[PDB]
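Residue numbers (the UniProt record's numbering), protein chains in the order written: chain U, 889 to 1070, 1082 to 1132; chain X, 1102 to 1132; chain H, 459 to 512; chain R, 177 to 368, 377 to 436; chain S, 177 to 368, 377 to 436; chain Z, 513 to 655, 664 to 720; chain A, 513 to 655, 664 to 720.
Beta carbons are placed, not taken as given, at the ideal position from N, Cα and C, and that holds for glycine.
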Amino acid sequence: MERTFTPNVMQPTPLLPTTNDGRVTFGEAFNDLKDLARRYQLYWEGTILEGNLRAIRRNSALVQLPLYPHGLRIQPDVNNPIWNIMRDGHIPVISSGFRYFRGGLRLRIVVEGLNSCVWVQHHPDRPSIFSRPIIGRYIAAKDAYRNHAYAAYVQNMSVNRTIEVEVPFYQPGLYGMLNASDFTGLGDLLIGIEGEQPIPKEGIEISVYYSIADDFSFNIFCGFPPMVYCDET
Amino acid sequence: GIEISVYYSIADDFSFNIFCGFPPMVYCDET
Amino acid sequence: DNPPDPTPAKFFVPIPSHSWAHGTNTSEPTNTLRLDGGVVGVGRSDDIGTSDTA
Amino acid sequence: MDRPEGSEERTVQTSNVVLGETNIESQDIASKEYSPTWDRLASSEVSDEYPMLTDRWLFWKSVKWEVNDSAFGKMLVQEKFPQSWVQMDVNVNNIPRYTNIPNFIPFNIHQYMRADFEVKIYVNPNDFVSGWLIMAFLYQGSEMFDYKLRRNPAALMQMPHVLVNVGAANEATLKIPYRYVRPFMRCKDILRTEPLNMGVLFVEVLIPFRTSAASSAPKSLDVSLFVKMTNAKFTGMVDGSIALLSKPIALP
Amino acid sequence: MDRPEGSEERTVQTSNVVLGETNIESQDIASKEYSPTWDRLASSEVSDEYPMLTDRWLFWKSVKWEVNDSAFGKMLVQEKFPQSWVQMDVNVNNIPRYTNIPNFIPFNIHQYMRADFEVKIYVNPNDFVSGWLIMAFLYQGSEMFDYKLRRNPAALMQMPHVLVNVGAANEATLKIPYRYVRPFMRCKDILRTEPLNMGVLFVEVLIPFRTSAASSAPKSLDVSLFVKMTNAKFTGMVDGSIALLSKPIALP
Amino acid sequence: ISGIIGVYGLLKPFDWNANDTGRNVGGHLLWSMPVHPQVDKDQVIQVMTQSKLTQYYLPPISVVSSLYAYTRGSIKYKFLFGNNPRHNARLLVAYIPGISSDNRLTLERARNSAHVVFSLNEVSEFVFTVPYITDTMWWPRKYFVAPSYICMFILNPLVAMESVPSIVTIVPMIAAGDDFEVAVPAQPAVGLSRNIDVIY
Amino acid sequence: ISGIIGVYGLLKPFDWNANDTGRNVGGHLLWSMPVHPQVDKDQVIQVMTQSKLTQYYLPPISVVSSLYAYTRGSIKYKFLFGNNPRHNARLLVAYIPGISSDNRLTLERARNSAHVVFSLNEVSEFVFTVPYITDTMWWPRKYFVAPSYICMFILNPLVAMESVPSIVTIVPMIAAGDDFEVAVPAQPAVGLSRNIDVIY
């Protein structure tokens, strides 16, 4: 096989004795990228103001966020300097090397400001038109309010501030496509308020973090794209 | 306001019993 | 099936943290910063003796 | 050459084609080979197999590359595949047609297909020219959000590829198991996706082609490509004229 | 009719076609059925068989016959066969083409073929019309030195035939084992004989069609023909465009 | 689910006029529609109101399929002919995979796909279990395009006499096959008609 | 991990000019670089843009090693020569532990460390599995100094004729050895190039 082929090997010394992937000196074995990809990382972080929401703005969406196992497309503005100096996370970088996937994501949505009953809902097949989220008044007529019978979840920001949910993989096809260009992905995730708590005069600060589920798998290893060093920022 | 909202479901012992037809429906995408 | 679970709700007394005094002969619930999850410790050998603090 | 005829050539016969090869090949497999199982879940009609037609090897292109134009990573071949190979036969208007070539005759009467491919590349230089080519394949490469950064041969060295050394003048065989987002591909433009677009096949110029300064030496060299299908299964019999083909879109 | 739906219909399924028939057929075989053995002596290439394609039944024509024009022995169908059935699909210039119909797709890429045929004829009158049809087949009839004296239905009563009584409204099936002067037939006009000319299929009007004098009664009736191949073997793979088809010659 | 969706619902009926010399010929296509569990809005019986919503009568397979996001498997089409022993005809009912509309559809082409030839000679009902041929395992809901298409051509035209009615009415009906299955619960495509008022 | 990092990535190619009388001599060092999994920024193929970030093509070992904080084990360097049966040379490829740059590096010194002498006489590829010699068990990432250094000297200069091209291009390629291992997940040293805009 041409990728791993090694002709005429000239090796001066023996090979180095093994630590069982670090289990000898540390306690754990770092043998796999799928375990590194299950440590949570930031996904999208935004603010939402009154007045760029709906007119009536009782139980409505605040964000429809597209679920991609690679990241959303990043733009490194001056508001969140994360996306600027840290570039992408470890998950978009691991993901850019594989072609397909099959499996779900885990999310952690931390929506505060607001401190009322907030809700989340997964539309497994309404994909996949764009690489940004859509805020408030710009989400389309039929993604505006909650729907009936889509898998959803509800939480009082008074009891607890963090919603942690796991999105299933519901698709007709064999794979979902990593590195899509722009029914390929995991569909949409809608986040929204449950009935018109008055909004603080600055912001509802939402931030989504994500990871890989347990049954998730990266599937066909082609190359990595060209990278950019973070220390050059 | 006191904003109340009730959600509901079926219990475990609940059962639908005699299947006759469905009534005429209306498509939601026509709104 | 979705049978109901009517079992009574137990009491429980909230506290902000575990014991500040205890040093021995017990477990300590904690949030470790590891990739692994589990009772894990750093490796040793003879290059590194046991603790000499007796 | 020590015998009256030069030496013993080696023969690779499939169906009614026979391909001579004098050297040791350079092989690779684009992913793990398997036996399709969930494809039975997609179609209630029996999948038809045409082993005498499709297993046969087929000559695809000849691309010419010259000394004056060999950069590092000049693309000789950049094609949507199998789309370019199957739609290779065009009429006067550059509209493809599945009717002439006997390997492609079942693409005409069916709607969906599935199959594995093997691409084989041939370069016949003399002894005194030296160069090097890389032929790699990227599963559904055209749909990738950065498809035009992956064309550097530094990126191709990572995806499954073969190498053709022009000094040695070897063969090269790239097996491509069927992998896709759905258990079948479309054969024509239906239900308004391009037909039969499973990936992108590249041929780049890893080390530029060099010859001697003498005037009569060859300043050019040919590259030929043969392709064959393997587990080809067709489903969804329709009329040949019920759907149409439009001239293909090219890659940037 | 005694049930809520009229009665139990009977079903004859081959490949992905299913033909309903409510009555007792009328069958005959044009000669003794056999297994071909000397055909292996004619060609060193493997004969390809396409059972999913060719075994399938195919609708061929609808011919209309009227009360005002039914002589004794008026010919509804007089065709070189299988030539007319296989070349049934014509373009604007009346030049046939083997590309559209999935039964005929292998005639496009091969030179020679061999196969047995079964022609089945359907007439759906109401109860109160009465007539009678004869459909007979003459092996290589067109090449016969008196072919135009044998068209009288008195001559057809002797060659293998079926009868369709319009008062009863039955089906009819005529099996035709392959027999010819050579173990294969040509598929196109090559080596300058017409392609695929094995005989002549007739449909005559044995007893003229009669209806009642009432004004609203049907003065016409349709006849439909279905054909299928059986042991079809193709040999001699070539290009689809390497030979041409010219518009067919008609019989007197 | 399999017991609810096994029941036939009824679709818009339609006529042959055997005395019609134009539309009663070899090849004229009577009826056709894309094949998917939610029947197309124009072949359902509708009751329209001014300024209100239109009420559709959907077969039981079409209500169930509106409750789920994907669906697959065969469909049964039971055609029911109003006629008596004196009518006669033949029909070719073909199933074309991968076609949206009838633009390029004629009889001479339709005979190249899976089809059934039926003769209504003292037969009043027949079921045509259409295959399921699709590049994917589950096909998404429609209310999109449908995966396939179905169509019905006159093969031998309809006959009848001076003693018998000249119109034959056909009633199409649709139920799920034995292998039919639904997939992921979604926003129901249909609401109830109990209150049809709507605010645009 | 071992399967991803087993694949070779490609580094900047470079030339012998056999007709060059200056640089084609006994002892002249062709190519060299510090040995660590993240290849040095100047021997990678770069694509530079005005006001944007520079895009590096990193081998698969160099992407994986950017995801972790420490790393250890042998590296494979497969050198790939564009030549034909008529060229000939010998090279000495030495591995110097504990050196940063080539300041004090000559051929007469490099022959005192682990090295391999290779003769390109009808041989087009060879792999040099460099040892791993370091006072510590894990070596930290670089993007620091590298633990060792590697270098390649002409031993017997390149020959060729009037009938054969005078330039021989060399393509260096790098993959992880059999014992290679990574350590502690860290801030990835590299981001994706999907969006290369940067705010200074």
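Whose CA, out of U:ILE970, U:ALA949, U:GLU916, lies closest to the CA of U:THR1132? U:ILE970
Pull out every residue of the segment 459-484 of chain H whose Cβ sits closer than 8 Å to any Cβ of chain X, in chain order. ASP459, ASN460, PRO461, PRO462
The segment 1082-1094 of chain U: which residues have C-beta closer than 9 Å to a C-beta of chain C, in chain order? No chain C appears in the structure shown, which is made up of the protein chains U, X, H, R, S, Z and A.
Quick one: any contact between the segment 538-556 of chain Z and the segment 575-584 of chain Z, if contact means 3 or more CB pairs under 8 Å? yes
Distance check for A:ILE674 and A:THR533, CA to CA, integer angstroms please. 13 Å
Contact set between Z:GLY711 and chain X, taken where Cβ atoms lie within less than 7 Å: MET1126, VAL1127, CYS1129
Length at least 4, wholly inside the segment 221-262 of chain R: the alpha helix (DSSP H) runs in chain order: Complete alpha helix (DSSP H) runs here, min 4: 227-230, 259-262.
Strictly by DSSP, which residues pair up with S:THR419? Beta-bridge pairing links S:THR419 to S:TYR288.
Would you call H:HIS480 buried or exposed, if buried means 16 or more other Cβ atoms sit within 10 Å of its Cβ? exposed
For U:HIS978, does the three-state DSSP call read helix, strand or coil? helix
Helix, strand or coil for A:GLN707? Go by DSSP, reduced to three states. coil
Rounded separation between residue 1081 of chain U and X:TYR1109 - CA only: Coordinates for residue 1081 of chain U are absent, as chain U skips straight from 1070 to 1082.
Rounded C-alpha distance that separates R:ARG290 from R:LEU367: 19 Å
Can you tell me whether DSSP reads Z:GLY594 as helix, strand or coil? strand
Can you find a CB in chain S that lies within less than 7 Å of the CB of R:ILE281? yes
Taking all protein chains shown into account, decide if Z:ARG653 is buried (16 or more other Cβ within 10 angstroms of its Cβ) or exposed. When all chains shown are included, Z:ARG653 counts as buried.
How would you label U:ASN1067, buried or exposed, when you count the other beta carbons within 10 angstroms and need 16 or more for buried? buried
Beta-bridge pairing of A:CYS671 - partner residues as DSSP gives them: A:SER544, A:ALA606
Would you check if there are 3 or more beta carbon pairs closer than 8 Å linking the segment 296-303 of chain S to the segment 678-696 of chain Z? yes
Distance between A:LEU579 and A:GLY711 (C-alpha atoms, nearest Å): Going by C-alpha positions, A:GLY711 is about 10 Å away from A:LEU579.
Distance cutoff 7 Å, beta carbons only. Does Z:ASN633 sit that close to anything in chain S? By this cut-off, Z:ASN633 is an interface position.
Applying a beta-carbon distance threshold of less than 8 Å, which residues of chain Z neighbour S:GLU185? What S:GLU185 touches in chain Z: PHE630, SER631, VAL635, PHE638.
Using the three-state DSSP reduction, which class does S:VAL342 fall into: helix, strand or coil? coil
C-alpha distance - S:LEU405 paired with S:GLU185, whole-angstrom precision: 22 Å
The segment 1029-1038 of chain U touching the segment 972-979 of chain U, judged by at least three CB pairs closer than 8 Å: no
Chain Z partners of R:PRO359, CB-CB under 8 Å? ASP647, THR648, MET649
So what's A:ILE573 in DSSP terms, helix, strand or just coil? helix
Taking the alpha-carbon of U:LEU941 as reference, which of U:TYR928, U:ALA1028, U:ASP1130 has the nearest alpha-carbon? U:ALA1028
Just by C-beta distance, which residues in the segment 952-977 of chain U are closer than 8 Å to chain Z? Shown here is that no member of the segment 952-977 of chain U has a Cβ falling below 8 Å from a Cβ of chain Z.
Proximal chain R residues relative to A:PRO525, where beta-carbon distance stays under 8 Å: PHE248, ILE391
Where R:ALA344 meets chain A, residues with beta-carbon distance less than 9 Å: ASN596, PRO597, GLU634, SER636
Do we get a CB-CB distance below 7 Å when we pair U:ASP1114 with the residues of chain Z? False, the Cβ-Cβ gap to chain Z never drops below 7 Å.
So for Z:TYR568, helix, strand or coil by DSSP? strand
Sequence-distant residues of its chain with Cβ nearer than 8 Å to U:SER1116 (five each side left out): So the list reads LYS922, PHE989, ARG990, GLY991, once near-sequence residues are dropped.
Rounded to whole angstroms, what is the Cα-Cα separation between A:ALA606 and A:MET672? Approximately 6 Å between the Cα atoms of the pair.
In the structure shown, what three-state DSSP assignment does R:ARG216 receive? Helix.
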